[PDB]
**Student:** 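Supplied in structure tokens, the structure appears directly below.
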Amino acid sequence: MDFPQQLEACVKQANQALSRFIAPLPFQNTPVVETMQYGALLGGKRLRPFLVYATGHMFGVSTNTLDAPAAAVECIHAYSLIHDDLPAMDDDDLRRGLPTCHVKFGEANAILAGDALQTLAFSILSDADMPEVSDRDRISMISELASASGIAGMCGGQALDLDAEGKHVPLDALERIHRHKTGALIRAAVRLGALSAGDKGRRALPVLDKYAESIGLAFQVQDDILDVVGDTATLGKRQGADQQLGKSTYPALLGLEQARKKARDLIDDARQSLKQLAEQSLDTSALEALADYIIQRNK
Ligand SMILES: O=P(O)(O)C(O)(Cc1cccnc1)P(=O)(O)O
Ligand SMILES: C=C(C)CCOP(=O)(O)OP(=O)(O)O
Ligand SMILES: [Mg+2]
Ligand SMILES: [Mg+2]
Ligand SMILES: [Mg+2]
């Protein structure tokens, strides 16, 4: 019922999960591991873990087993931001209210920490305790995180994003960028939550996919909107960063009003998909509240 309290509960759960998977690693208290801990744990809304937990919870899977996919997806997410902020990429000096990884620890440490966080995601999925999760479903989790994170998803989208700098690409190309760079990982969170539930989760996938696809695109449209109108102290990252690099964005192409409308229509579409699940007596309340927050949030 109370969404801010659920978000904070999720932040604590996910941070604990991440910390536990990071703690047995060697080279604690050296720069690369400290970079990983800074970039993964210090700040962030943990909405992808939120998606993993909320989805798995719908099928009655234990929060403790969901710690694994929640932490894995957040490792990929964390890695993606570390590399995204690099000078050769978006060259941003602030994130989550603090110096970016490459500023505080140097570029080499940032590259390697992001590299290692990606690897850790796959160590988590292959090694972590998930008692109710069949090997078949664990393999599917790994396969999904891989396809969603790599050239067919997030990385591919990062390449499209970089290519579209200064090119003011049309809506169809814009959507392709956003769905890959941001949509794909968000859909992986939902899929990993569902796969944790086995066959019952798999049966929901056609519908959860449509939900995930809509909130995932909406997530990036809101990110672009926030880049224009948000305050740096609230965002935790610099307002007007996109405009400075000439990024193809929703607000740059369509203006702020039409971008907002696109985000709102995507969320209404996400809500519609969830109605199909609520019909089968699955509790969609956390997923609908998350869907609304994705476009109501100011950070
Ligand atoms: O947090 P950022 O840098 O505004 C962003 O959302 C970061 C990001 C990195 C990787 C994939 N998706 C988004 P971006 O696309 O560079 O606008
Ligand atoms: C994929 C995108 C839009 C990058 C930022 O995601 P978030 O806005 O979830 O960033 P944090 O909460 O993790 O800082
Ligand atoms: Mg970027
Ligand atoms: Mg960026
Ligand atoms: Mg952005």
Side-chain angles (χ1 to χ4, degrees), residues 38-40 42-48 51 73-103 107 110-111 113-115 117-118 121 145 147-167 169 173-189 212-213 215-253 256 259 263 294-295 297-299:
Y38 183 93
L42 207 58
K45 299 183 289 309
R46 303 292 176 265
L47 302 183
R48 294 157 189 78
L51 282 171
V73 302
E74 191 61 12
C75 283
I76 296 299
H77 178 236
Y79 123 67
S80 76
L81 308 183
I82 289 181
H83 281 75
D84 179 79
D85 295 331
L86 295 175
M89 301 281 293
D90 295 353
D91 192 22
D92 264 294
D93 64 348
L94 281 174
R95 186 178 288 280
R96 296 158 173 180
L98 293 166
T100 48
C101 281
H102 79 291
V103 167
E107 286 170 39
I111 291 159
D115 286 347
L117 277 169
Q118 179 188 342
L145 192 58
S147 50
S149 305
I151 211 74
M154 189 273 291
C155 279
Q158 287 297 77
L160 296 173
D161 169 280
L162 256 35
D163 189 64
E165 289 180 353
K167 300 189 175 63
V169 305
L174 234 201
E175 190 178 315
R176 290 199 118 69
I177 293 163
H178 285 357
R179 284 197 187 280
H180 289 232
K181 82 179 174 157
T182 290
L185 186 61
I186 279 165
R187 183 176 71 181
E213 286 153 17
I215 62 151
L217 179 56
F219 201 105
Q220 190 59 45
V221 41
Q222 181 72 356
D223 185 68
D224 291 351
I225 285 162
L226 290 173
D227 206 271
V228 181
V229 314
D231 210 306
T232 294
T234 299
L235 296 172
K237 54 192 195 198
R238 289 208 193 281
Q239 177 187 201
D242 288 347
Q243 286 153 310
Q244 189 165 265
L245 301 203
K247 299 277 180 185
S248 299
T249 71
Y250 271 68
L253 182 63
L256 286 171
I294 280 171
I295 68 165
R297 70 202 169 86
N298 293 298
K299 50 126 130 70

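Hydrogens, waters and symmetry mates play no part in the numbers below; they use all other heavy atoms, side chains included. Remember, it's 1-based here, ligands and their atoms both numbered in the order they're listed. We number each residue from 1, following the sequence as shown.
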**Student:** Any carboxylate oxygen within less than 4.0 angstrom of a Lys/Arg side-chain nitrogen, looking at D84 and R95?
**Tutor:**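 A salt bridge is present here (some side-chain N lies under 4.0 Å from a carboxylate O).
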
**Student:** How many N, O or S atoms of the protein are nearer than 2.8 Å to the Mg ion (ligand 5)?
**Tutor:**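 For the Mg ion (ligand 5), protein nitrogen, oxygen or sulfur atoms under 2.8 Å: 1.
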
**Student:** Look at atom 7 (C) of ligand 1 and say which protein heavy atom is nearest, naming residue and atom and giving the distance to 0.1 Å.
**Tutor:**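 Checked against all protein heavy atoms, atom 7 (C) of ligand 1 sits closest to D84 OD2, 3.5 Å.
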
**Student:** Can you report which non-hydrogen protein atom sits closest to atom 13 (C) of ligand 1, along with the distance?
**Tutor:** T182 OG1, 3.6 Å

**Student:** Heavy atoms, side chains only, cut-off 4.5 Å: are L86 and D91 in contact?
**Tutor:** no

**Student:** With a 4.0 Å cut-off, would you call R238 and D90 a salt bridge?
**Tutor:**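 Salt bridge flag = no for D90 with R238.
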
**Student:** Please verify whether a non-hydrogen atom of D90 lies at under 4.0 Å from ligand 1.
**Tutor:**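 Yes, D90 has heavy atoms under 4.0 Å from ligand 1.
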
**Student:** The test is side-chain contact (heavy atoms from CB on, under 4.5 Å); show your working for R96 and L81 and say whether it passes.
**Tutor:** CA-CA 11 Å; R96 296 158 173 180; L81 308 183; 3.7 Å; yes

**Student:** How close does the nearest protein non-hydrogen atom get to atom 6 (O) of ligand 1, and which residue and atom is it?
**Tutor:** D223 OD2, 2.7 Å

**Student:** Within the structure, is a non-hydrogen atom of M89 found at a distance of less than 4.0 Å from ligand 1?
**Tutor:** no

**Student:** Measure from the Mg ion (ligand 4) to every N/O/S atom of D84 and report the name of the nearest one.
**Tutor:** OD2

**Student:** Do other residues, nucleotides or ligands put more than 12 heavy atoms under 6.0 Å from the NZ atom of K167?
**Tutor:** yes

**Student:** Test your reading of the structure: does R95 have an N or O sitting under 3.5 Å from an N or O of ligand 1?
**Tutor:** yes

**Student:** Donor-acceptor pair, distance only, cut-off 3.5 Å: does the side chain of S248 make one with the backbone of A164?
**Tutor:**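 Here the side-chain-to-backbone pair exists.
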
**Student:** If you measure from atom 14 (P) of ligand 1 to every heavy atom of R238, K237, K181, which option wins on shortest distance?
**Tutor:**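 Selected option, by shortest heavy-atom distance: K181.
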
**Student:** So, does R48 use its side chain to make a donor-acceptor pair with the main chain of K45 at under 3.5 Å?
**Tutor:** no

**Student:** Does a donor on one side chain sit under 3.5 Å from an acceptor on the other, for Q158 and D161?
**Tutor:** no

**Student:** Is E74 paired with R46 through a side-chain N to carboxylate O contact shorter than 4.0 Å?
**Tutor:** yes

**Student:** Could you check whether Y250 and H178 have their ring centres less than 6.0 Å apart?
**Tutor:** yes

